[PDB]
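For reference, the structure discussed in these notes is given below.
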Amino acid sequence: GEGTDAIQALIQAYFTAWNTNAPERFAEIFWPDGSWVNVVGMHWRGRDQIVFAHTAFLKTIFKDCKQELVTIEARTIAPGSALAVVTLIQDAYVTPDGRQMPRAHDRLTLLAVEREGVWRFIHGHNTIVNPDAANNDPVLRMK
Amino acid sequence: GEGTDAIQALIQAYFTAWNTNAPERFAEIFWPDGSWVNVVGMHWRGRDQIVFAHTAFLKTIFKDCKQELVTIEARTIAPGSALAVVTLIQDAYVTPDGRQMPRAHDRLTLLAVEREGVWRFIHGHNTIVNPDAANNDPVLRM
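Chains as they are written, first to last, in PDB author numbering: chain A, 30 to 172; chain B, 30 to 171.
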């Protein structure tokens, strides 16, 4: 449906901006009242914060760190509202204080809402997938 | 507002169900088409999965593990849609495989939508707050 197609396009735009180190391209895909929560629990309030932080980290720790889409599971949750759970593979990187982060899958929630016929992101929330934990997911014994 | 009041009540109900080990109460605060992403990136699809997993972990690794609400930052994002970013303090616990997880703050997204006058959660996503990383938050430099 419309929301699924729209959020897929927004996700592609986000990844292009990330991978080409073009953080000046993020603002146009978020509403001003957007929010974000990153992999270490930093909470960004409003688009300007989202963009400032994305820009800062793409200049430093993520300047050579590519992200790769694996799957997008997008759905409409209400008229004018689309939710996606994205699985990506992120390159290894070093934190500002020198900790080596391994190449890993991330699990990213993205939410897009439609206003005046136009879709943009309103929220993102990212978590690193722990590969040591995955086989103990209880839903694997259902059915 | 109305979205923020409705989601505030759902959040209190979620935490009460967690802390009192009453996972049978979760089914009533999620829509059937809900989803969830936990602190280790496990992705649950549909309410039956969300409740099954919450129940399994509350019976085992989280049987004595409380979550304390610190702050709720809730807002309307569309008519009938309310988004909250919740800060909570989670007790230490041991993972199924035997790793010790320390007491920590978590940053939890909760999304509620209204259908026929009733609100329930459609999605949740949780991330552990890394206290070592926090001083690197670029927004502190704006």
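For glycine and all other residues, C-beta sits at the position ideal for the given N, C-alpha and C.
In chain order, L117, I118 place their CB closer than 7 Å to the CB of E97/A, counting only its own chain and leaving out the 5 sequence neighbours on each side.
With a 10 Å radius around the Cβ and a threshold of 16 neighbouring Cβ atoms, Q41/B comes out exposed. Taking the CA atoms as reference points, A121/B sits about 22 Å from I101/B. When DSSP states are grouped into helix, strand and coil, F150/A belongs to the strand group.
Spanning the alpha carbons of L112/A and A133/A requires a straight line of approximately 23 Å. Shortest Cα-Cα distance from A46/B to any of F91/B, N67/B, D34/B involves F91/B. For the set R170/B, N165/B, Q129/B, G153/B, the Cα lying nearest the Cα of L39/B is the one of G153/B. Under the 10 Å beta carbon count, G109/A is surrounded by 16 or more other beta carbons and is classified as buried.
Closest in C-alpha terms to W73/A, from the list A141/B, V114/B, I79/B, comes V114/B. Looking at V168/A, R144/A, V68/A, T89/A, the one whose alpha-carbon comes closest to that of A107/B is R144/A. If you draw a straight line from the Cα of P61/B to the Cα of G70/A, it is about 28 Å long. Counting only runs of 4+ residues, the alpha helix (DSSP H) found wholly inside the stretch 42 to 123 of chain A occupies 76 to 88, in chain order. In the DSSP assignment, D135/A is bridged to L117/A, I157/A.
Neighbourhood of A35/A in chain B, by CB distance below 9 Å: empty, with the nearest CB roughly 14 Å away. Straight through space, the alpha carbons of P125/A and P52/A are spaced by roughly 19 Å.
Apart from sequence neighbours up to five positions away, no residue of its chain approaches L169/B with a beta-carbon distance below 8 Å. Rounded to the nearest whole angstrom, the C-alpha separation of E31/A and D34/B is 30 Å. Inter-residue distance for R104/A and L140/B is about 14 Å (C-alpha atoms, whole angstroms).
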